[PDB]
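First comes the structure, then the notes that go with it.
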Amino acid sequence: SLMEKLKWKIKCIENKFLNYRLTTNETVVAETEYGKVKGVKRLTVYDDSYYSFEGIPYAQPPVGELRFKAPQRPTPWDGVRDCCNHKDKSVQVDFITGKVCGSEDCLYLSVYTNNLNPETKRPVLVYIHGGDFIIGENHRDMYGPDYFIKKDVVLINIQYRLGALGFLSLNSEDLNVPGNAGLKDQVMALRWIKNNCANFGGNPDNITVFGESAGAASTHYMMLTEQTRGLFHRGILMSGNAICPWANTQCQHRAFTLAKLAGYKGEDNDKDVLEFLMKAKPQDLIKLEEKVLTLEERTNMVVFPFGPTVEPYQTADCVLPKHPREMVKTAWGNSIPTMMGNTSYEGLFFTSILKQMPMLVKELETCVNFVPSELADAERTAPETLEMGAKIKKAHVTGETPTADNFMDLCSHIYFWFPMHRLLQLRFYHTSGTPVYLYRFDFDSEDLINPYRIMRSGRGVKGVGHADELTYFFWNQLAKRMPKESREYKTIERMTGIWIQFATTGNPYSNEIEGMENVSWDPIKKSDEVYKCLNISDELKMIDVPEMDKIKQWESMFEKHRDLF
């Protein structure tokens with residue numbers, strides 16, 4: 001919307017000057033294994049303060065011959081690297097302006113803490129942003145640490161390569177482009193964190209990794225791969241995981257298609273395709289990415305052309321040697337305390353998509369296109385497939401004619417709740433009682449917002465959509481100071497409080513969090529037929545997951561195919 005584009009522009013300039021007024025003249029030097037870094041003390045609008053180090057490199061800039069390759073360790077320096085300002089984001093299409101932005105020089109992390117020499121070593125919370133593996137950043141205009149730093153933790157926000165630059169994959173072993181470069185970036189950042197967090201007051205024996213959407217799938221991948229075994233101690237999966245249908249794809253044949261879109265005149269062989277892509281301008285590749293999926297792939301409901309993939313051959317840095325469902329069978333992260341959850345109306349994310357293409361509601365007539373692909377026949381015309389679709393339809397079509405709200409409710413389940421259920425049940429076979437706790441974010445406000453609302457044209461619309469909880473974890477350029485007594489302020493304290501408590505102890509309950517005093521929050525047991533979750537609304541209450549009945553209806557599709565569940 002052009003009206004929202006100007007509004008967003010205005011906010012960007014106002015934010016810039018606010019950030020000047022929040023900068024103090026106090027700078028500080030910290031040590032890293034690669035050299036000294038200079039950070040700056042900043043204020044928040046609530047007059048808390050924190051030390052800010054941005055643009056700490058954890059890898060060599062992945063440029064030139066290092067494009068498409070696994071990250072390499074950075075070059076050390078003498079003297080003091082200035083970390084008082086942010087670096088670029090990974091090359092991507094800006095979600096508001098629609099133009100390509102960012103830089104290939106993006107392999108940085110940011111470290112924040114209210115005290116660089118604390119009296120006790122602190123829980124380290126590491127945030128991995130979402131954005132479908134194609135957008136996102138660690139810039140504070142979206143991921144401000146201002147709320148977490150009220151408490152005595154170290155917060156670290158990482159970047160990683162996005163799009164084709166992070167996720168190209170080629171079958172030819174001689175080329176050393178097996179895939180998952182962006183996940184390998186995450187691995188190298190977590191190793192940096194283990195090796196350096198003590199220099200900022202952090203406890204290397206108490207690291208928690210958390211992320212939302214693609215960042216939740218990323219956190220899960222970091223809990224599955226052998227590359228990170230033992231590197232961290234708690235994980236939080238917010239609205240996603242690595243067995244979600246949207247979280248991985250086999251993209252080895254798509255480099256050729258991208259090259260052709262970018263002007264390549266050669267034959268489909270990996271060596272010639274790579275040499276062309278190595279010479280292309282990065283903006284050209286990222287701009288064309290939205291055209292890469294073929295008619296057949298769109299027909300088969302492939303979501304994104306480049307993303308996490310099962311790597312076709314083994315390398316020293318290999319992150320995903322098998323499908324994530326197989327990786328769960330041997331995963332080190334099954335044995336660390338885990339928290340998982342979703343919002344109360346995830347599918348609201350599709351509001352503007354449905355406004356643009358209202359005919360999508362016709363997919364609810366039979367629902368065959370929502371049947372898990374491992375159960376469906378190829379043509380989606382088999383009677384068994386239609387019956388499976390009928391079970392989906394019964395779960396979500398509540399009136400005589402299917403509605404957009406029915407569609408959006410279905411979306412919550414296909415993309416979030418059902419993969420969460422499948423993961424929980426699979427994981428019980430491959431863990432020794434390590435607890436998993438469930439939350440449900442159910443707090444609705446429009447007095448404090450984040451840019452995901454603009455994306456879904458969700459102004460004036462009620463409901464707790466995908467990513468609406470991030471408003472209560474991170475300051476952003478649309479945020480404003482809330483009164484201490486306000487429901488929004490209380491939700492900030494509760495959300496950050498629960499995450500810090502879980503990061504500290506592996507148990508998200510604490511009687512020091514307002515409204516939690518009377519909460520008995522047990523972890524999920526294999527014997528549970530109905531999941532219990534902490535529902536976060538204006539109150540904190542343990543409830544039967546309201547989505548359970550629909551979850552069970554989706555599971556019923558596997559009654560005669562239990563080996564695939």
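The chains in the structure tokens are called A, B, ... from first to last as shown; in each chain the residues are counted from 1, and the ligands are counted from 1 in the order shown.
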Quick one: residues within 12 Å of residue 362 in chain A, only C-alpha atoms counted, chain neighbours fewer than 6 positions away excluded, as a PDB file with N, CA and C atoms, in the first residue's frame?
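For reference, part_32.pdb as written:
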ATOM      1  N   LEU A 354      -5.561 -13.904   0.919  1.00  0.00           N
ATOM      2  CA  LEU A 354      -6.950 -14.244   0.627  1.00  0.00           C
ATOM      3  C   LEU A 354      -7.720 -13.055   0.071  1.00  0.00           C
ATOM      4  N   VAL A 368      -8.627 -31.631  -0.904  1.00  0.00           N
ATOM      5  CA  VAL A 368      -7.649 -32.642  -1.302  1.00  0.00           C
ATOM      6  C   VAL A 368      -6.251 -32.063  -1.377  1.00  0.00           C
ATOM      7  N   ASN A 369      -6.126 -30.766  -1.679  1.00  0.00           N
ATOM      8  CA  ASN A 369      -4.793 -30.193  -1.803  1.00  0.00           C
ATOM      9  C   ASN A 369      -4.111 -29.979  -0.452  1.00  0.00           C
ATOM     10  N   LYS A 393     -11.890 -31.158   5.799  1.00  0.00           N
ATOM     11  CA  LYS A 393     -13.019 -30.245   5.579  1.00  0.00           C
ATOM     12  C   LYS A 393     -13.925 -30.195   6.807  1.00  0.00           C
ATOM     13  N   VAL A 397     -14.464 -26.529   8.140  1.00  0.00           N
ATOM     14  CA  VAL A 397     -15.605 -25.863   7.518  1.00  0.00           C
ATOM     15  C   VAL A 397     -16.776 -26.006   8.481  1.00  0.00           C
ATOM     16  N   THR A 401     -21.190 -22.857   3.810  1.00  0.00           N
ATOM     17  CA  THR A 401     -20.251 -22.518   2.756  1.00  0.00           C
ATOM     18  C   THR A 401     -18.891 -22.198   3.362  1.00  0.00           C
ATOM     19  N   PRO A 402     -17.807 -22.701   2.780  1.00  0.00           N
ATOM     20  CA  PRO A 402     -16.478 -22.409   3.335  1.00  0.00           C
ATOM     21  C   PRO A 402     -16.177 -20.920   3.275  1.00  0.00           C
ATOM     22  N   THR A 403     -15.475 -20.428   4.293  1.00  0.00           N
ATOM     23  CA  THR A 403     -15.139 -19.012   4.402  1.00  0.00           C
ATOM     24  C   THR A 403     -13.630 -18.811   4.437  1.00  0.00           C
ATOM     25  N   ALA A 404     -13.229 -17.545   4.266  1.00  0.00           N
ATOM     26  CA  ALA A 404     -11.823 -17.174   4.429  1.00  0.00           C
ATOM     27  C   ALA A 404     -11.318 -17.491   5.834  1.00  0.00           C
ATOM     28  N   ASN A 406     -12.417 -19.963   7.757  1.00  0.00           N
ATOM     29  CA  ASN A 406     -12.176 -21.401   7.718  1.00  0.00           C
ATOM     30  C   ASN A 406     -10.822 -21.705   7.086  1.00  0.00           C
ATOM     31  N   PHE A 407     -10.496 -21.026   5.984  1.00  0.00           N
ATOM     32  CA  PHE A 407      -9.230 -21.282   5.300  1.00  0.00           C
ATOM     33  C   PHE A 407      -8.055 -20.961   6.210  1.00  0.00           C
TER      34      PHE A 407
END
Where in range 475-565 of chain A does DSSP assign strand (DSSP E or B), given as a PyMOL selection string? chain A and resi 475+532-536+540-544
Selection to disk with N, CA and C atoms, as an mmCIF file, in the first residue's frame:
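Resulting contents of result.cif:
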data_model
loop_
_atom_site.group_PDB
_atom_site.id
_atom_site.type_symbol
_atom_site.label_atom_id
_atom_site.label_comp_id
_atom_site.auth_asym_id
_atom_site.auth_seq_id
_atom_site.Cartn_x
_atom_site.Cartn_y
_atom_site.Cartn_z
ATOM 1 N N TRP A 475 11.802 -4.737 21.035
ATOM 2 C CA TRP A 475 11.487 -3.384 20.613
ATOM 3 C C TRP A 475 11.616 -3.289 19.092
ATOM 4 N N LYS A 532 -1.715 -30.120 27.491
ATOM 5 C CA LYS A 532 -1.955 -28.907 28.276
ATOM 6 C C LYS A 532 -0.900 -27.866 27.925
ATOM 7 N N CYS A 533 -1.302 -26.601 27.900
ATOM 8 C CA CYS A 533 -0.377 -25.518 27.577
ATOM 9 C C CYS A 533 -0.622 -24.351 28.516
ATOM 10 N N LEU A 534 0.401 -23.524 28.720
ATOM 11 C CA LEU A 534 0.192 -22.228 29.349
ATOM 12 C C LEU A 534 -0.370 -21.298 28.284
ATOM 13 N N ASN A 535 -1.617 -20.886 28.456
ATOM 14 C CA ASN A 535 -2.230 -19.915 27.563
ATOM 15 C C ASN A 535 -1.947 -18.525 28.108
ATOM 16 N N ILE A 536 -1.292 -17.698 27.294
ATOM 17 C CA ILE A 536 -0.971 -16.324 27.663
ATOM 18 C C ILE A 536 -1.998 -15.401 27.030
ATOM 19 N N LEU A 540 -2.539 -15.561 32.801
ATOM 20 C CA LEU A 540 -1.747 -16.754 32.517
ATOM 21 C C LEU A 540 -2.491 -17.950 33.102
ATOM 22 N N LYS A 541 -2.935 -18.875 32.247
ATOM 23 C CA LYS A 541 -3.754 -19.992 32.710
ATOM 24 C C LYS A 541 -3.358 -21.273 31.994
ATOM 25 N N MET A 542 -3.251 -22.362 32.748
ATOM 26 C CA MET A 542 -3.015 -23.666 32.147
ATOM 27 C C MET A 542 -4.350 -24.174 31.608
ATOM 28 N N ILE A 543 -4.365 -24.604 30.341
ATOM 29 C CA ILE A 543 -5.585 -25.058 29.679
ATOM 30 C C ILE A 543 -5.292 -26.263 28.802
ATOM 31 N N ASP A 544 -6.340 -27.045 28.544
ATOM 32 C CA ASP A 544 -6.286 -28.004 27.449
ATOM 33 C C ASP A 544 -6.109 -27.219 26.160
#
Residue 379 in chain A proximity check over A:141, A:300, A:102, A:453, using only C-alpha atoms: winner is A:300
Selection: 9 Å around residue 118 in chain A, only C-alpha atoms, excl. self and same-chain fewer than 2 positions, as a list in words: residues 114, 115, 116, 120, 121, 122, 152, 200, 201 and 202 of chain A
Write the residues you've just listed into a file as a JSON list (two decimals), in the first residue's frame, and include C-alpha atoms for each of them.
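File produced: again-v1.json:
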[["chain", "number", "residue", "atom", "x", "y", "z"],
["A", 114, "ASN", "CA", 23.11, -4.46, 30.74],
["A", 115, "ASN", "CA", 26.45, -5.23, 32.47],
["A", 116, "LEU", "CA", 29.71, -6.43, 30.90],
["A", 120, "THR", "CA", 27.53, -14.13, 38.10],
["A", 121, "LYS", "CA", 27.80, -15.72, 34.66],
["A", 122, "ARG", "CA", 24.53, -15.17, 32.81],
["A", 152, "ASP", "CA", 20.45, -10.07, 33.77],
["A", 200, "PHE", "CA", 30.51, -10.47, 27.65],
["A", 201, "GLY", "CA", 29.47, -11.97, 31.00],
["A", 202, "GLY", "CA", 27.74, -15.03, 29.55]]
Who sits within 10 Å of residue 427 in chain A, only C-alpha atoms, same chain under 4 positions skipped, as a ChimeraX atom specification: /A:325,328-331,334-335,421-423,431-432,436,526
Rank nothing, just name the residue among A:55, A:153, A:217, A:96 nearest to residue 457 in chain A, using only C-alpha atoms. A:96
Spatial neighbours of residue 392 in chain A, max dist 8 Å, only C-alpha atoms, sep filter under 3 positions, as a tab-separated table (two decimals) with N, CA and C atoms, in the first residue's frame:
chain	number	residue	atom	x	y	z
A	367	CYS	N	-10.81	-30.10	-0.11
A	367	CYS	CA	-9.62	-30.07	0.73
A	367	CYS	C	-8.54	-31.06	0.30
A	370	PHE	N	-4.84	-30.12	0.66
A	370	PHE	CA	-4.25	-30.03	1.99
A	370	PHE	C	-3.86	-31.38	2.58
A	371	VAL	N	-4.20	-32.48	1.93
A	371	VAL	CA	-3.81	-33.80	2.44
A	371	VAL	C	-2.29	-33.91	2.41
A	388	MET	N	-9.83	-38.49	2.87
A	388	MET	CA	-8.88	-37.80	3.72
A	388	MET	C	-9.12	-36.30	3.67
A	389	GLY	N	-9.34	-35.77	2.47
A	389	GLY	CA	-9.74	-34.38	2.34
A	389	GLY	C	-11.03	-34.07	3.06
A	395	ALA	N	-13.12	-30.78	9.80
A	395	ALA	CA	-12.44	-30.14	10.92
A	395	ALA	C	-12.54	-28.62	10.87
A	396	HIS	N	-12.58	-28.02	9.67
A	396	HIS	CA	-12.43	-26.58	9.54
A	396	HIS	C	-13.60	-25.85	8.89
A	553	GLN	N	-8.29	-34.79	14.51
A	553	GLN	CA	-8.92	-35.04	13.22
A	553	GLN	C	-7.86	-35.15	12.12
A	554	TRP	N	-6.82	-34.31	12.18
A	554	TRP	CA	-5.74	-34.45	11.20
A	554	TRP	C	-5.01	-35.78	11.40
Give me the residues within 8 Å of range 189-194 of chain A as an MDAnalysis selection string, counting only C-alpha atoms and dropping any in the same chain fewer than 5 places off. chainID A and resid 58:59 109 158 204 207 228 231:232
Export of prior selection with C-alpha atoms as a short mmCIF file (atom, residue, chain, number, x, y, z; two decimals), in the first residue's frame:
data_model
loop_
_atom_site.label_atom_id
_atom_site.label_comp_id
_atom_site.auth_asym_id
_atom_site.auth_seq_id
_atom_site.Cartn_x
_atom_site.Cartn_y
_atom_site.Cartn_z
CA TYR A 58 31.79 -14.81 12.96
CA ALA A 59 32.88 -15.78 9.43
CA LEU A 109 26.12 -11.16 15.12
CA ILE A 158 22.61 -13.57 14.55
CA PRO A 204 28.97 -20.97 28.02
CA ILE A 207 23.03 -21.22 26.22
CA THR A 228 26.25 -28.64 17.03
CA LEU A 231 26.83 -26.57 21.98
CA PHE A 232 23.71 -25.36 23.83
#
Could the residues of range 211-242 of chain A that have an atom at most 12 Å from range 304-317 of chain A be listed as CSV, each with its closest atom pair and the distance in Å to one decimal, counting only C-alpha atoms and ordered by chain and ascending residue number?
residue,atom,partner,partner_atom,distance
A:214,CA,A:307,CA,9.9
A:215,CA,A:308,CA,12.0
A:217,CA,A:308,CA,9.5
A:218,CA,A:308,CA,9.0
A:220,CA,A:308,CA,11.9
A:221,CA,A:308,CA,9.2
A:222,CA,A:308,CA,11.9
A:225,CA,A:317,CA,10.3
A:226,CA,A:317,CA,9.8
A:227,CA,A:317,CA,7.2
A:228,CA,A:317,CA,10.5
A:242,CA,A:308,CA,9.1
Could you name the residues that touch residue 415 in chain A at 10 Å or less, counting only C-alpha atoms, but leaving out those on the same chain fewer than 3 positions away, as a PyMOL selection string? chain A and resi 213+239-241+243-247+346-347+410-412+418-420
Between CA of residue 366 in chain A and CA of residue 341 in chain A, what is the distance in Å, rounded to a tenth? 29.1 Å
Of the listed residues A:144, A:123, A:163, A:179, that which approaches residue 499 in chain A most closely, counting only C-alpha atoms: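 Under the stated criterion, the closest residue is A:123.
Minimum distance to residue 386 in chain A across A:337, A:557, A:101, A:261 (counting only C-alpha atoms) occurs at A:557.
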Hey, what does DSSP flag as helix (DSSP H, G or I) within range 393-478 of chain A? Can you give it to me as an mmCIF file with C-alpha atoms, in the first residue's frame?
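Result saved to result_30.cif:
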data_model
loop_
_atom_site.group_PDB
_atom_site.id
_atom_site.type_symbol
_atom_site.label_atom_id
_atom_site.label_comp_id
_atom_site.auth_asym_id
_atom_site.auth_seq_id
_atom_site.Cartn_x
_atom_site.Cartn_y
_atom_site.Cartn_z
ATOM 1 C CA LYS A 393 -13.019 -30.245 5.579
ATOM 2 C CA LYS A 394 -15.088 -31.467 8.548
ATOM 3 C CA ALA A 395 -12.441 -30.138 10.918
ATOM 4 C CA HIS A 396 -12.430 -26.577 9.544
ATOM 5 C CA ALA A 404 -11.823 -17.174 4.429
ATOM 6 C CA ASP A 405 -11.750 -17.652 8.203
ATOM 7 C CA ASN A 406 -12.176 -21.401 7.718
ATOM 8 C CA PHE A 407 -9.230 -21.282 5.300
ATOM 9 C CA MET A 408 -7.088 -19.344 7.768
ATOM 10 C CA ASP A 409 -7.958 -21.767 10.602
ATOM 11 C CA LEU A 410 -6.927 -24.675 8.375
ATOM 12 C CA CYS A 411 -3.638 -22.859 7.660
ATOM 13 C CA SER A 412 -2.881 -22.708 11.389
ATOM 14 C CA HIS A 413 -3.017 -26.503 11.491
ATOM 15 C CA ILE A 414 -1.323 -27.527 8.260
ATOM 16 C CA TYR A 415 1.652 -25.207 8.834
ATOM 17 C CA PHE A 416 2.008 -25.158 12.607
ATOM 18 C CA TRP A 417 -0.148 -27.232 14.963
ATOM 19 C CA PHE A 418 -0.087 -30.519 13.046
ATOM 20 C CA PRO A 419 3.717 -30.576 12.494
ATOM 21 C CA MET A 420 4.098 -29.695 16.195
ATOM 22 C CA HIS A 421 1.961 -32.698 17.130
ATOM 23 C CA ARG A 422 3.839 -35.011 14.756
ATOM 24 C CA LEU A 423 7.183 -33.833 16.154
ATOM 25 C CA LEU A 424 6.122 -34.310 19.773
ATOM 26 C CA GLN A 425 4.954 -37.857 19.093
ATOM 27 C CA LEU A 426 8.009 -38.840 17.050
ATOM 28 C CA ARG A 427 10.372 -37.319 19.626
ATOM 29 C CA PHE A 428 8.929 -39.445 22.473
ATOM 30 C CA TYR A 429 10.566 -42.480 20.810
ATOM 31 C CA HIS A 430 13.992 -40.820 20.861
ATOM 32 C CA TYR A 452 4.110 -8.278 10.360
ATOM 33 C CA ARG A 453 0.690 -6.661 10.864
ATOM 34 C CA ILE A 454 1.321 -4.352 7.897
ATOM 35 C CA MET A 455 2.356 -7.334 5.766
ATOM 36 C CA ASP A 468 2.302 -11.186 16.751
ATOM 37 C CA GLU A 469 4.130 -12.357 19.868
ATOM 38 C CA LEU A 470 7.447 -10.834 18.692
ATOM 39 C CA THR A 471 6.064 -7.407 19.662
ATOM 40 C CA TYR A 472 6.351 -8.498 23.307
#
To one decimal place in Å, what is the distance between CA of residue 137 in chain A and CA of residue 90 in chain A? 7.1 Å
